[PDB]
Structures are given as C-alpha cells and as structure tokens.
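Quick setup: one chain, the form deposited without this ligand, written in structure tokens, and binding and motion questions come after.
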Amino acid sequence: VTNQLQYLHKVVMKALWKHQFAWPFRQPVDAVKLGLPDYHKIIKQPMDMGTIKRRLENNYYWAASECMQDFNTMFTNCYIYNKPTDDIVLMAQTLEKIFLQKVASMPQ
C-alpha cells in the first residue's frame, strides 16, 4: 500500500473509471460479444480497467510501475488492434492523456 499505488488508485483510477469514454475499457474485451474473432490472435496480453481496479483494491501490485504498465498495455492493445480511424482509438487517446497528466504529479 505504497504512496504511489494509493495515488494510482485514488487519483488516476478514480478519474479514469468514471470518465464518459471509460465504458469500453471497464471490463475485459469480449471478442464473442463484440464480434472480433481475431482479437486474441492479435492481442496476447489483454488488459482493462476492471482488472486494474480490482488489482489496486486487492493489493496485487508490488510497485507503481507494474500498475502503470497495465494501464499502458490496455491503451497499447487498443491502438494495435483497432483501425486508426475507429472512435475507440480517440477514446483511448483521451483516457491515456489523463493517465499521463495525472502520473506527472505522482509521488516518487
């Protein structure tokens, strides 16, 4: 329960979870539901905010960098998988910018 992890939970996740573009990212990508049969062939390490939030809640992370990498993986999966012009990409980009803006003020 480090100062960094508390920041990532109370400031970063708090902001991202409730954001109006967060909804596609709140649970693991469901390739059946979304009709994406190639999703898991392209994306080998799925990640989502629900998984990250639960991990923060359950003291899963040993370091802040580990949580930061999970956020990063989530956004990166989105950019890699989707078409450049898909709305989801803009949504991720917007959430990622908040992530980085907040992480710039995180404890050391």
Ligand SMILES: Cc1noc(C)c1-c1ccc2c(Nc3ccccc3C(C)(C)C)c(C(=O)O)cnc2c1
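Just count from 1 along the sequence shown to find any residue number.
Enquirer: Per the entry, where is the mean C-alpha temperature factor higher: 88-96 or 5-13?
Expert: It is 5-13.
Enquirer: As stated in the PDB record, which stretch has the larger average Cα B-factor, 73-81 or 35-43?
Expert: The entry gives the higher C-alpha B-factor average to 35-43.
Enquirer: Relative to the other modelled residues in the chain, which third contains the C-alpha temperature factor of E57: lowest, middle or highest?
Expert: For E57, whose C-alpha B-factor we compare with every modelled residue in the chain, the answer is the highest third.
Enquirer: Considering only modelled residues of the same chain, in which third does the CA B-factor of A64 rank: lowest, middle or highest?
Expert: Highest third of the chain for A64's C-alpha B-factor.
Although not depicted, the form deposited with this ligand bound is the subject of the following passage.
Enquirer: Looking at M49, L56, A64, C78 here, can you tell me which has any non-hydrogen atom within 4.5 angstroms of this ligand in the entry with it bound?
Expert: When this ligand is considered in the entry with it bound, the option within 4.5 Å is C78.
Enquirer: Can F25 be called a contact residue for this ligand in the entry with it bound at 4.5 Å between heavy atoms?
Expert: Within the cut-off, so yes.
Enquirer: I'd like to know whether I98 contacts this ligand in the entry with it bound, with contact meaning heavy atoms within 4.5 angstroms.
Expert: Heavy-atom contact with this ligand at 4.5 Å: absent for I98.
Enquirer: Report whether the minimum heavy atom distance between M68 and this ligand in the entry with it bound is within 4.5 Å.
Expert: Residue-level check for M68: no, no contact with this ligand.
Enquirer: Evaluate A15 for contact with this ligand in the entry with it bound, applying a 4.5 angstroms cut-off between non-hydrogen atoms, and reply yes or no.
Expert: Although this ligand is absent here, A15 would stay clear of it in the entry with it bound, with no heavy atoms inside 4.5 Å.
Enquirer: Can you name the residues of 21-48 that have a non-hydrogen atom within 4.5 angstroms of this ligand in the entry with it bound?
Expert: Stretch hits, in order: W23, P24, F25, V29, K33, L34, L36, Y39.
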